[PDB]
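Have a look at my_file32.txt below; it lists compact mmCIF, C-alpha atoms and all ligand atoms.
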# COMPACT_ATOMS: atom_id res chain seq x y z
CA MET A 1 63.15 92.19 103.67
CA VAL A 2 61.28 95.40 102.83
CA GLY A 3 63.43 98.52 102.70
CA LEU A 4 62.55 102.16 102.08
CA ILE A 5 64.93 104.40 100.14
CA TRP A 6 64.53 108.17 99.77
CA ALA A 7 66.32 111.51 99.76
CA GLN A 8 65.12 114.43 101.87
CA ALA A 9 65.90 118.01 102.69
CA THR A 10 66.83 118.73 106.31
CA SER A 11 63.19 119.82 106.80
CA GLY A 12 61.81 116.40 105.74
CA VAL A 13 60.54 117.55 102.33
CA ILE A 14 60.93 114.84 99.68
CA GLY A 15 58.80 116.25 96.86
CA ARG A 16 56.99 119.34 95.62
CA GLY A 17 54.65 119.75 92.64
CA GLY A 18 54.97 116.09 91.70
CA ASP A 19 58.77 116.19 91.33
CA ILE A 20 61.94 116.66 93.39
CA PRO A 21 63.61 120.10 93.86
CA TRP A 22 67.20 118.80 93.52
CA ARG A 23 69.16 116.13 91.68
CA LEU A 24 72.40 114.65 93.04
CA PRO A 25 74.17 112.28 90.60
CA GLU A 26 75.77 110.52 93.56
CA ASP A 27 72.35 109.92 95.15
CA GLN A 28 71.06 108.54 91.85
CA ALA A 29 74.07 106.19 91.65
CA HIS A 30 73.56 104.97 95.22
CA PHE A 31 69.86 104.42 94.50
CA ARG A 32 70.66 102.32 91.42
CA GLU A 33 73.20 100.21 93.34
CA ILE A 34 70.85 99.47 96.27
CA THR A 35 67.81 98.61 94.17
CA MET A 36 69.39 96.85 91.17
CA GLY A 37 68.07 93.33 90.60
CA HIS A 38 65.33 93.65 93.23
CA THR A 39 61.64 94.48 93.30
CA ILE A 40 60.88 98.20 93.39
CA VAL A 41 57.45 99.34 94.59
CA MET A 42 56.16 102.87 93.97
CA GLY A 43 52.96 104.86 94.18
CA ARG A 44 51.28 105.88 90.96
CA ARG A 45 52.29 109.53 91.32
CA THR A 46 55.96 108.49 91.59
CA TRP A 47 55.61 106.33 88.47
CA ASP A 48 54.17 109.42 86.75
CA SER A 49 57.26 111.38 87.89
CA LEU A 50 59.53 109.10 85.86
CA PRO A 51 59.96 110.06 82.16
CA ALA A 52 58.52 107.43 79.85
CA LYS A 53 61.95 106.98 78.24
CA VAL A 54 63.46 105.73 81.53
CA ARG A 55 60.50 103.42 82.52
CA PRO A 56 60.60 100.70 83.58
CA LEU A 57 63.79 101.06 85.60
CA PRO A 58 66.03 98.33 84.14
CA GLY A 59 67.03 95.12 85.88
CA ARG A 60 64.27 95.46 88.49
CA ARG A 61 60.71 94.18 88.87
CA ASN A 62 58.75 97.46 88.66
CA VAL A 63 55.52 97.45 90.73
CA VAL A 64 53.10 100.40 90.83
CA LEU A 65 50.43 100.81 93.52
CA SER A 66 47.13 102.30 92.32
CA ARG A 67 43.48 102.11 93.28
CA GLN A 68 42.55 102.45 89.59
CA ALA A 69 41.71 98.95 88.39
CA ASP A 70 42.46 99.85 84.75
CA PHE A 71 45.59 101.99 85.21
CA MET A 72 48.24 100.85 82.74
CA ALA A 73 51.96 101.18 83.51
CA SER A 74 53.87 99.93 80.48
CA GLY A 75 56.66 97.63 81.64
CA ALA A 76 55.36 97.48 85.19
CA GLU A 77 52.96 95.48 87.32
CA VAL A 78 50.02 97.48 88.71
CA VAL A 79 48.64 96.23 92.02
CA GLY A 80 45.79 97.42 94.22
CA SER A 81 47.43 96.64 97.57
CA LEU A 82 50.96 96.62 98.94
CA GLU A 83 50.85 92.98 100.08
CA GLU A 84 50.65 91.79 96.46
CA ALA A 85 54.08 93.37 95.87
CA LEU A 86 55.89 91.50 98.66
CA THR A 87 56.83 88.19 97.00
CA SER A 88 60.60 88.64 96.69
CA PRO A 89 63.68 88.15 98.89
CA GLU A 90 64.38 91.88 98.62
CA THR A 91 61.78 94.62 98.05
CA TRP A 92 62.58 98.34 97.96
CA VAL A 93 59.84 100.96 98.30
CA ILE A 94 61.05 103.90 96.20
CA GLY A 95 58.31 106.49 96.82
CA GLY A 96 56.41 108.58 97.32
CA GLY A 97 55.21 110.11 100.59
CA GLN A 98 51.95 108.16 100.73
CA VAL A 99 53.51 104.80 99.95
CA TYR A 100 56.41 105.30 102.42
CA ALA A 101 53.81 105.83 105.14
CA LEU A 102 51.86 102.76 103.99
CA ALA A 103 54.94 100.54 103.83
CA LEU A 104 56.65 101.56 107.08
CA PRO A 105 55.06 98.74 109.20
CA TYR A 106 56.62 96.18 106.82
CA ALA A 107 60.04 97.82 106.72
CA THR A 108 63.26 96.85 108.49
CA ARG A 109 65.69 99.10 106.56
CA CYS A 110 65.63 102.75 105.50
CA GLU A 111 68.42 104.11 103.27
CA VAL A 112 68.13 107.89 103.60
CA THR A 113 70.05 110.58 101.73
CA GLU A 114 69.99 113.82 103.71
CA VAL A 115 70.46 116.81 101.38
CA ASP A 116 71.83 119.98 103.00
CA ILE A 117 69.25 122.27 101.43
CA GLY A 118 67.20 124.78 103.41
CA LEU A 119 63.73 123.97 102.14
CA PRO A 120 60.89 124.93 104.50
CA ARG A 121 57.85 122.69 104.39
CA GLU A 122 54.89 123.98 102.38
CA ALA A 123 51.31 122.88 101.86
CA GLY A 124 51.16 120.10 99.28
CA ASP A 125 54.72 118.88 99.89
CA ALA A 126 55.42 115.19 100.15
CA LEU A 127 57.29 114.38 103.38
CA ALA A 128 59.59 111.68 104.67
CA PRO A 129 58.02 109.18 107.07
CA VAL A 130 58.54 109.61 110.81
CA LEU A 131 60.83 106.92 112.27
CA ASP A 132 59.97 106.00 115.86
CA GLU A 133 62.27 104.68 118.59
CA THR A 134 62.35 101.13 117.21
CA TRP A 135 64.74 102.35 114.49
CA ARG A 136 68.49 102.61 115.01
CA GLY A 137 70.55 104.66 112.60
CA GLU A 138 74.15 104.80 111.39
CA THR A 139 75.28 108.07 109.78
CA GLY A 140 78.00 108.73 107.23
CA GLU A 141 80.19 111.79 106.82
CA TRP A 142 78.98 114.93 105.08
CA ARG A 143 80.04 114.81 101.41
CA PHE A 144 79.97 117.29 98.54
CA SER A 145 77.87 116.45 95.50
CA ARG A 146 79.11 117.73 92.19
CA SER A 147 75.71 119.48 92.04
CA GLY A 148 76.94 121.86 94.78
CA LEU A 149 74.86 120.55 97.70
CA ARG A 150 76.29 118.63 100.64
CA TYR A 151 74.70 115.28 101.46
CA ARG A 152 75.14 112.34 103.78
CA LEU A 153 73.82 108.80 103.90
CA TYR A 154 71.89 107.34 106.85
CA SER A 155 71.32 103.60 107.18
CA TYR A 156 68.45 102.80 109.55
CA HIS A 157 67.71 99.25 110.68
CA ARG A 158 65.36 97.48 113.03
CA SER A 159 64.41 93.91 113.90
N1 LIG A 201 62.97 112.61 97.27
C1 LIG A 201 62.78 111.29 96.95
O1 LIG A 201 63.68 110.48 97.21
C2 LIG A 201 61.57 110.89 96.27
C3 LIG A 201 60.58 111.80 96.14
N2 LIG A 201 59.40 111.47 95.49
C4 LIG A 201 58.35 112.50 95.34
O2 LIG A 201 57.22 112.09 96.06
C5 LIG A 201 56.06 112.80 95.50
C6 LIG A 201 54.90 111.81 95.26
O3 LIG A 201 54.56 111.29 96.53
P1 LIG A 201 52.89 111.23 96.81
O4 LIG A 201 52.29 112.46 96.22
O5 LIG A 201 52.81 110.99 98.29
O6 LIG A 201 52.25 110.08 95.88
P2 LIG A 201 52.85 108.50 95.76
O7 LIG A 201 53.96 108.42 94.78
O8 LIG A 201 52.98 107.94 97.12
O9 LIG A 201 51.59 107.81 94.95
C7 LIG A 201 50.36 108.05 95.61
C8 LIG A 201 49.36 107.16 94.83
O10 LIG A 201 49.61 105.77 95.15
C9 LIG A 201 48.34 105.08 95.18
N3 LIG A 201 48.07 104.65 96.53
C10 LIG A 201 48.36 105.29 97.74
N4 LIG A 201 47.95 104.58 98.82
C11 LIG A 201 47.37 103.43 98.26
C12 LIG A 201 46.76 102.30 98.84
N5 LIG A 201 46.64 102.18 100.20
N6 LIG A 201 46.28 101.30 98.07
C13 LIG A 201 46.41 101.48 96.72
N7 LIG A 201 46.97 102.49 96.02
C14 LIG A 201 47.44 103.47 96.84
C15 LIG A 201 47.26 106.07 94.64
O11 LIG A 201 47.32 105.92 93.32
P3 LIG A 201 45.87 106.25 92.35
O12 LIG A 201 45.71 107.72 92.63
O13 LIG A 201 46.32 105.93 90.92
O14 LIG A 201 44.87 105.33 92.96
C16 LIG A 201 47.88 107.42 95.16
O15 LIG A 201 47.36 108.50 94.39
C17 LIG A 201 56.54 113.41 94.16
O16 LIG A 201 56.86 114.77 94.40
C18 LIG A 201 57.82 112.60 93.90
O17 LIG A 201 58.76 113.31 93.11
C19 LIG A 201 59.21 110.16 94.99
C20 LIG A 201 60.17 109.22 95.09
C21 LIG A 201 61.48 109.49 95.76
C1 LIG A 202 65.14 111.61 88.46
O1 LIG A 202 64.55 110.34 88.37
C2 LIG A 202 64.30 109.71 89.60
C3 LIG A 202 63.64 110.34 90.67
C4 LIG A 202 63.43 109.64 91.87
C5 LIG A 202 63.89 108.29 92.00
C6 LIG A 202 63.65 107.54 93.31
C7 LIG A 202 64.78 107.77 94.35
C8 LIG A 202 65.96 108.53 94.10
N1 LIG A 202 66.89 108.66 95.10
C9 LIG A 202 66.71 108.10 96.30
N2 LIG A 202 67.69 108.26 97.31
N3 LIG A 202 65.61 107.37 96.59
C10 LIG A 202 64.64 107.21 95.68
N4 LIG A 202 63.48 106.43 96.04
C11 LIG A 202 64.54 107.67 90.94
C12 LIG A 202 64.74 108.38 89.74
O2 LIG A 202 65.40 107.80 88.61
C13 LIG A 202 65.85 106.44 88.82
CO CO A 203 71.17 94.28 96.26

Could I get this file's structure written as structure tokens?
Amino acid sequence: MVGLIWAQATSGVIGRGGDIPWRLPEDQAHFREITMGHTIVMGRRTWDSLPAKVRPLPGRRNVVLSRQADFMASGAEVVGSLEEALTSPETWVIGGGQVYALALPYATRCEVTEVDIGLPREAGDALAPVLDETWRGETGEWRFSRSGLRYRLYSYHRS
């Protein structure tokens, strides 16, 4: 099982300037619950977006995708292709825009947090992957984050 997990604005923006323009504690808690114990795969820019004090994310096999043969990610595995990262019962791709697009053909689950923020797309933004008609989705109710933004969880699945 390969799953993708991300949070997006209604516009599809997931990232800007190498970081994320919101932070919902409830989304972070859901992310930790879904990924804990499993392999997490991320692009090198997403690894860079994590503060060194929080890396590697605990209780998970941290895998970083990079084309740089000598890139060092302390506490993580650095691989040159996505297929090297797929040797576990459960693998979660945790970002960013490039790696979501690369991993989508392998994926059968997407856990999506929709953030009710009006954030028009801009040049340079990272975007959520486009899900075609093979995906079926189950939506949750709109909820209030303590950060002030509404959010809801989508669970997409396909065979
Ligand atoms: N809202 C959310 O839930 C999340 C948002 N984000 C945001 O996403 C943005 C980053 O996404 P993005 O800029 O798309 O970069 P990524 O995080 O997807 O990393 C891209 C890098 O991954 C490596 N890579 C990409 N494709 C391949 C390949 N086919 N083979 C080998 N290595 C490859 C390269 O590393 P190298 O250059 O070293 O070769 C490339 O520069 C940031 O703003 C981040 O905050 C991230 C996670 C979650
Ligand atoms: C602030 O530190 C982090 C930034 C991004 C992530 C990855 C992520 C978060 N939420 C959701 N739904 N999906 C994701 N792939 C994690 C982080 O700290 C653990
Ligand atoms: Co689990």

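Nearest to residue A:12 of all the residues A:117, A:79, A:153, A:72 is A:117, based on all atoms listed in the file.
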
Handout entry: Test item: residues lying within 7 Å of ligand CO 203 (chain A) with all atoms listed in the file, as a PyMOL selection string
Key = chain A and resi 33-38

Practice task
Within 7 Å of ligand LIG 202 (chain A), which residues show up when you count only C-alpha atoms and all ligand atoms? List them as an MDAnalysis selection string, please.
Solution key: chainID A and resid 5:7 23 27:28 31:32 50 57 93:95 112:113

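Of note, atom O11 of ligand LIG 201 (chain A) and atom CA of residue A:40 are spaced 15.6 Å apart.
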
Exercise for the section: State, in Å with one decimal place, the distance from atom CA of residue A:122 to atom CA of residue A:47. Expected result: 22.5 Å

Handout entry: Between atom CA of residue A:8 and atom CA of residue A:121 - distance in Å to one decimal
Key = 11.3 Å

Practice task
Please identify all polymer residues within 12 Å of residue A:16, counting all atoms listed in the file, omitting same-chain residues fewer than 4 positions from it, and present them as a PyMOL selection string.
Solution key: chain A and resi 8-9+12+20-22+45-46+49+96-97+119-127

Could you save those same residues with C-alpha atoms as a PDB file, keeping the file's coordinate frame?
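Final file, selection-v4.pdb:
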ATOM      1  CA  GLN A   8      65.120 114.430 101.870  1.00  0.00           C
ATOM      2  CA  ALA A   9      65.900 118.010 102.690  1.00  0.00           C
ATOM      3  CA  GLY A  12      61.810 116.400 105.740  1.00  0.00           C
ATOM      4  CA  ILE A  20      61.940 116.660  93.390  1.00  0.00           C
ATOM      5  CA  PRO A  21      63.610 120.100  93.860  1.00  0.00           C
ATOM      6  CA  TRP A  22      67.200 118.800  93.520  1.00  0.00           C
ATOM      7  CA  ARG A  45      52.290 109.530  91.320  1.00  0.00           C
ATOM      8  CA  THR A  46      55.960 108.490  91.590  1.00  0.00           C
ATOM      9  CA  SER A  49      57.260 111.380  87.890  1.00  0.00           C
ATOM     10  CA  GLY A  96      56.410 108.580  97.320  1.00  0.00           C
ATOM     11  CA  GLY A  97      55.210 110.110 100.590  1.00  0.00           C
ATOM     12  CA  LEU A 119      63.730 123.970 102.140  1.00  0.00           C
ATOM     13  CA  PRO A 120      60.890 124.930 104.500  1.00  0.00           C
ATOM     14  CA  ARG A 121      57.850 122.690 104.390  1.00  0.00           C
ATOM     15  CA  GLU A 122      54.890 123.980 102.380  1.00  0.00           C
ATOM     16  CA  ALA A 123      51.310 122.880 101.860  1.00  0.00           C
ATOM     17  CA  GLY A 124      51.160 120.100  99.280  1.00  0.00           C
ATOM     18  CA  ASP A 125      54.720 118.880  99.890  1.00  0.00           C
ATOM     19  CA  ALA A 126      55.420 115.190 100.150  1.00  0.00           C
ATOM     20  CA  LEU A 127      57.290 114.380 103.380  1.00  0.00           C
TER      21      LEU A 127
END

Practice task
List the residues sitting within 12 Å of (71.9, 103.5, 118.4) in the file's frame, using only C-alpha atoms, as a VMD selection string.
Solution key: chain A and resid 133 to 139 155 to 158

Practice task
Find the residue from A:107, A:14, A:41, A:78 that sits nearest to ligand LIG 201 (chain A); use only C-alpha atoms and all ligand atoms when measuring.
Solution key: A:14

Exercise for the section: Identify, on the basis of all atoms listed in the file, every residue whose closest approach to residue A:2 does not exceed 10 Å; exclude the query and any residue fewer than 4 positions from it along the same chain; express the result as a PyMOL selection string. Expected result: chain A and resi 39-41+86+88-93+103-110

Selected residues written out with C-alpha atoms, as a PDB file, in the frame of the given file:
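In the end it all went to result_5.pdb:
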ATOM      1  CA  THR A  39      61.640  94.480  93.300  1.00  0.00           C
ATOM      2  CA  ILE A  40      60.880  98.200  93.390  1.00  0.00           C
ATOM      3  CA  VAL A  41      57.450  99.340  94.590  1.00  0.00           C
ATOM      4  CA  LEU A  86      55.890  91.500  98.660  1.00  0.00           C
ATOM      5  CA  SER A  88      60.600  88.640  96.690  1.00  0.00           C
ATOM      6  CA  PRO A  89      63.680  88.150  98.890  1.00  0.00           C
ATOM      7  CA  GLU A  90      64.380  91.880  98.620  1.00  0.00           C
ATOM      8  CA  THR A  91      61.780  94.620  98.050  1.00  0.00           C
ATOM      9  CA  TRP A  92      62.580  98.340  97.960  1.00  0.00           C
ATOM     10  CA  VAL A  93      59.840 100.960  98.300  1.00  0.00           C
ATOM     11  CA  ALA A 103      54.940 100.540 103.830  1.00  0.00           C
ATOM     12  CA  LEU A 104      56.650 101.560 107.080  1.00  0.00           C
ATOM     13  CA  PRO A 105      55.060  98.740 109.200  1.00  0.00           C
ATOM     14  CA  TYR A 106      56.620  96.180 106.820  1.00  0.00           C
ATOM     15  CA  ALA A 107      60.040  97.820 106.720  1.00  0.00           C
ATOM     16  CA  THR A 108      63.260  96.850 108.490  1.00  0.00           C
ATOM     17  CA  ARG A 109      65.690  99.100 106.560  1.00  0.00           C
ATOM     18  CA  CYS A 110      65.630 102.750 105.500  1.00  0.00           C
TER      19      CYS A 110
END

Taking every listed atom of ligand LIG 201 (chain A) and adding 3 Å to each side, what centre and edge lengths in Å (one decimal) does the axis-aligned box have, as JSON?
{"center_x": 54.3, "center_y": 108.0, "center_z": 95.6, "size_x": 24.8, "size_y": 19.5, "size_z": 15.3}

Practice task
Please identify all polymer residues within 8 Å of residue A:76, counting all atoms listed in the file, omitting same-chain residues fewer than 4 positions from it, and present them as a count of residues only.
Solution key: 5

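In this comparison, which uses only C-alpha atoms and all ligand atoms, the residue of A:73, A:115, A:4, A:65 approaching ligand LIG 201 (chain A) most closely is A:65.
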